[PDB]
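Presented below is the structure to which this report refers.
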Amino acid sequence: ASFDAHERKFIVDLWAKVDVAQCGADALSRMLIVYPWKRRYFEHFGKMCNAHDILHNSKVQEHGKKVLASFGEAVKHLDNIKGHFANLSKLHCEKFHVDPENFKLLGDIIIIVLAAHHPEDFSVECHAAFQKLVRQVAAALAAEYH
Amino acid sequence: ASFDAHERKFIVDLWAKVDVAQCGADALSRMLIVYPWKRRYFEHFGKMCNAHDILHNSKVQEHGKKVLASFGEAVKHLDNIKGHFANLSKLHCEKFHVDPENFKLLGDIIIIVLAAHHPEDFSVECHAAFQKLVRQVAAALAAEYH
Amino acid sequence: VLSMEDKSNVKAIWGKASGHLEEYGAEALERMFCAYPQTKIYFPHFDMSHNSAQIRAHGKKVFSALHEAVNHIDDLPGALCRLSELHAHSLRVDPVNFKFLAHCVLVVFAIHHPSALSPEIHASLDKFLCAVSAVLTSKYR
Amino acid sequence: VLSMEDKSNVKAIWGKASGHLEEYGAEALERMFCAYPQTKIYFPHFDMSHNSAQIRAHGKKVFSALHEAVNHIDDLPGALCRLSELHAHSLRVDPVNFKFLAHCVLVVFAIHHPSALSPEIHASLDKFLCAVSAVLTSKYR
Ligand code: HEM
Ligand code: HEM
Ligand code: HEM
Ligand code: HEM
């Protein structure tokens, strides 16, 4: 459902404060540490045996920056999230073969990374605005899975 | 994704053989026995303490007939499943407050009920056609959840 | 299964909440009610204001229960036996909701203790809240 | 948790498959591959024909493993210890896939033994296949 004016303002004002490179590397690293089966989807990045390996993997760090910058593009397309992500959704399904249940798990990790970097701003109402965003982005990635 | 000619023919030919009243009562009864938290959504049908109570509950039996006849309408709207179910989806979300993860669980039970009543017909390829249908119907019910 | 290291990890991050069970507990429920408003159907009789007496008192009970769980992390089924009957048998809470409250607990720790909730600690805590959730959803019927 | 009655139930429906472990096992995988084609990425080297030598031999191993599980239904973690390391650590099977194969096992019993898989029996069997799945997904990392 559409974001209201108040949802929009929380989202738009928080995201202008976000360091996308540092939070993206953080979010991607944590998802491979918390849910270790996801490592199989990235077996081409190399060293992913333990959490030290992951935290020190330059390709994991780099990739996290792109994933979050992509996600960040939802903030300019709040009215059109499903349409904006439709090609990516295809790419995940066909080329990377990723089970769509995993998108919801990354979205939760992103909430936790944002909460830790922006505690004064990540209020109860702000957190509800972002949870709705993350639910829409995960749904738009899963949408072209046929 | 669209059903091909072969998917369509499996589906359309099986469903003409189905006893919708008996399979619907069967499917609804089993879902309340296998996943007992679902009983909370129907606390207005009465006696749902044990499985004997459920199997003997006339309102549960009756309701199962409607749910399956509804589902059966997908077979005449294969090209338009998400559009056909959009109001029902609303009704589930707003009026009955049902968590959308539960639609996938009913769909699996329906596969098991059909398999048991039509074993010679429920081949490997037929079962794959029906699994795709059930995945689309569960998705169309969850779709208006905002 | 929780390793010995997971267990050290959970105990140590848990100790940060020691004086703040009501505070952290109340904040987690506030977050669960606001971010997953479908959870409100289980508390029809609650005042849903910020820092409501009813929410403060329930937030305390929840986190007090999670605090004994940490103190009995070897025997979670026995520590949470009565709770599992309440949630699954008497209240018929749909098992999806345990994931929502677990996520909100994690958000509270990240806000209050961002350095302590490192990635490997984050992994242990999440293992412990799945383990607690599994015990509470173990008794349906 | 599996009650005493669930356990009687699982043993009795399991006995119907006793002479048909390869047959039923092969059919369940055929069904999982066809109805959930995303599961095929784990078996790149398999011949995916009907009644393929490779599928018959793997269907047997799976159902033979599930048969010892039934025979040790009190101690599933110990019965499936080595399998849990293979699946979670060495193969990194995404945990959604265990639900797909469990559903296909249930479909095979419904086809071959429709009267025996009554609703209360159906509930016990489904509890046992969730329990087996939980052990096999218990060792990630
Ligand atoms: C917010 C959710 C997500 C977004 C926005 C996202 C975005 C992206 C983007 C932008 C790429 C690069 C596409 C390109 O190569 O041009 C990508 C690649 C990829 N994504 Fe995702 N992704 C998300 C979730 C996930 C999840 C949950 C997984 C796995 C568990 C995953 C696995 C992959 C893999 C394997 C690649 C290919 C990596 C490579 O070969 O470099 N993604 N994703
Ligand atoms: C194939 C999936 C489903 C279909 C086609 C379906 C269809 C229906 C239909 C046609 C009704 C009657 C609507 C009316 O009153 O006009 C209904 C009502 C209802 N459904 Fe569903 N349903 C499905 C799944 C579920 C699931 C999984 C649950 C709960 C776990 C559920 C809970 C309810 C409840 C509580 C009602 C209201 C019952 C009453 O007050 O009589 N449904 N559904
Ligand atoms: C970590 C997970 C949870 C723990 C540790 C927990 C703990 C508790 C405790 C200690 C009580 C009080 C029991 C008593 O006073 O005897 C309780 C009651 C209750 N819990 Fe939970 N709970 C959890 C998850 C949930 C969830 C997810 C829901 C619903 C979405 C929920 C709904 C309830 C309800 C409705 C009550 C009745 C409260 C009342 O009387 O107002 N709980 N829980
Ligand atoms: C009831 C659940 C399951 C049981 C009881 C089971 C049992 C087994 C057994 C007994 C083996 C042979 C191990 C050996 O020879 O030492 C095996 C191997 C394997 N299993 Fe499973 N398994 C199950 C679920 C799954 C699922 C869901 C997948 C993937 C979707 C899977 C993928 C594999 C793969 C890829 C192998 C390697 C087989 C090969 O060498 O070709 N298993 N499993």
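Residue numbers (the authors' numbering), protein chains in the order written: chain B, 1 to 146; chain B', 1 to 146; chain A, 1 to 141; chain A', 1 to 141. A prime marks a further copy of an entry chain.
Yeah, the Cβ is synthetic: ideal placement off N, Cα and C, and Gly gets one too.
Might you give, ordered along the chain, the residues of its own chain that have their beta carbon closer than 7 Å to the beta carbon of residue 28 (chain B'), omitting 5 neighbours on each side?
60, 63, 64 and 67
Measure the CB-CB distance between residue 9 (chain A) and residue 121 (chain A) and report whether it falls below 8 Å.
yes
Taking only runs that begin and end inside the region 48-87 of chain B', name each unbroken alpha helix (DSSP H) of 4 or more residues, in chain order.
Listed in chain order, the complete alpha helix (DSSP H) runs (minimum 4 residues) inside the region 48-87 of chain B' are 51-55, 58-71 and 81-84.
Contact defined as beta carbons within less than 8 Å: I believe residue 71 (chain B') pairs with residue 137 (chain B'). What is the distance between those atoms, to the nearest angstrom?
Going by Cβ atoms, the distance from residue 71 (chain B') to residue 137 (chain B') rounds to 6 Å, so yes, they are a contact pair.
Does the beta carbon of residue 1 (chain A') sit closer than 8 Å to a beta carbon anywhere in chain A?
yes
On the criterion of 16 or more Cβ atoms from any shown chain inside 10 Å, does residue 139 (chain B') qualify as buried, or is it exposed?
buried
So residue 6 (chain A') packs on residue 84 (chain A'), CB below 8 Å; how close in whole Å?
About 21 Å; that fails the 8 Å criterion.
Does the CB of residue 132 (chain A) have a neighbour CB from chain B' at under 8 Å?
It does not: the Cβ of residue 132 (chain A) has no partner Cβ on chain B' nearer than 8 Å.
Run the proximity test for residue 65 (chain A): is its beta-carbon closer than 7 Å to any non-hydrogen atom belonging to ligand 3?
At a threshold of 7 Å, residue 65 (chain A) counts as near ligand 3, since its beta carbon sits closer than that to one of the ligand's heavy atoms.
Are residue 64 (chain A) and residue 21 (chain A) touching if we call contact CB-CB under 8 Å?
yes
Between residue 138 (chain A') and chain A, is the shortest Cβ-Cβ distance under 8 Å, so that the two count as touching?
yes
Quick check: the region 52-59 of chain B' against the region 126-138 of chain A', are there 3 or more CB pairs under 8 Å?
With the rule of 3 Cβ pairs closer than 8 Å, the region 52-59 of chain B' does not count as touching the region 126-138 of chain A'.
Hey, is residue 119 (chain B)'s beta-carbon within less than 8 Å of any beta-carbon in chain A'?
no
Considering Cα atoms alone, identify which of A:130, A:23, A:41 and A:88 is closest to residue 58 (chain A).
A:23
For the region 63-123 of chain A', list the alpha helix (DSSP H) runs that are entirely contained and at least 4 residues long, ordered along the chain.
76-79, 81-84 and 96-112
Taking only beta carbons into account, state which residues of the region 3-22 of chain B come closer than 8 Å to chain A, listed in chain order.
none
List, in order along the chain, the chain A' residues whose C-beta lies closer than 9 Å to that of residue 33 (chain B')?
119, 120, 122 and 123
Closer than 8 Å, CB to CB, is residue 39 (chain B) near chain A or not?
With 8 Å as the cut-off, residue 39 (chain B) does not count as an interface residue toward chain A.
Is DSSP giving residue 34 (chain B) helix, strand or coil here?
helix
Within 8 Å, do at least three Cβ pairs link the region 128-139 of chain A to the region 77-92 of chain A'?
no
What span of residues does the alpha helix (DSSP H) with residue 132 (chain B) cover, start to end?
124-141
Do the CB positions of residue 41 (chain A') and residue 116 (chain A') come within less than 8 Å of each other?
In terms of Cβ geometry, residue 41 (chain A') and residue 116 (chain A') do not form a close pair [threshold 8 Å].
Determine the direct distance from the alpha carbon of residue 51 (chain B') to that of residue 128 (chain B'), and round the result to whole angstroms.
30 Å
Do we get a CB-CB distance below 8 Å when we pair residue 58 (chain B') with the residues of chain A'?
no
For chain A, find out if any of its Cβ atoms is closer than 8 Å to the Cβ of residue 110 (chain B); answer yes or no.
No - not a single Cβ of chain A is within 8 Å of the one on residue 110 (chain B).
For the region 85-107 of chain A, which residues have a beta carbon sitting closer than 9 Å to at least one beta carbon of chain B'?
88, 89, 91, 92, 93, 94, 95, 96 and 97
Residue interval of the alpha helix (DSSP H) (run including residue 108 (chain B))
101-117
Would you be able to state if there are at least three C-beta pairs under 8 Å between the region 88-101 of chain B' and the region 16-26 of chain B'?
no
Just checking: is the beta-carbon of residue 125 (chain B) within a distance shorter than 8 Å of some beta-carbon in chain A?
yes
Kindly say whether residue 114 (chain A), judged by its beta-carbon, lies nearer than 8 Å to any beta-carbon of chain B.
At least one CB atom of chain B sits nearer than 8 Å to the CB of residue 114 (chain A).
Does chain B have any CB closer than 8 Å to the CB of residue 126 (chain A)?
yes
When the Cα of residue 8 (chain B') is compared with those of B':107, B':145, B':133 and B':43, which residue comes out closest?
Checking every option, the nearest Cα to that of residue 8 (chain B') belongs to B':133.
When you compare the CB positions of residue 96 (chain A') and residue 99 (chain B), do they come within less than 8 Å of one another, or not?
yes
8 Å Cβ cutoff, residue 56 (chain A) in contact with chain B':
no
Cβ-Cβ separation, residue 39 (chain A) to residue 88 (chain A) (assumed contact under 8 Å), whole Å
Wrong, their Cβ atoms sit about 16 Å apart, outside the cutoff.
Between residue 97 (chain B) and chain A', is there a C-beta pair that is closer than 8 Å?
Chain A' contact via Cβ: present.
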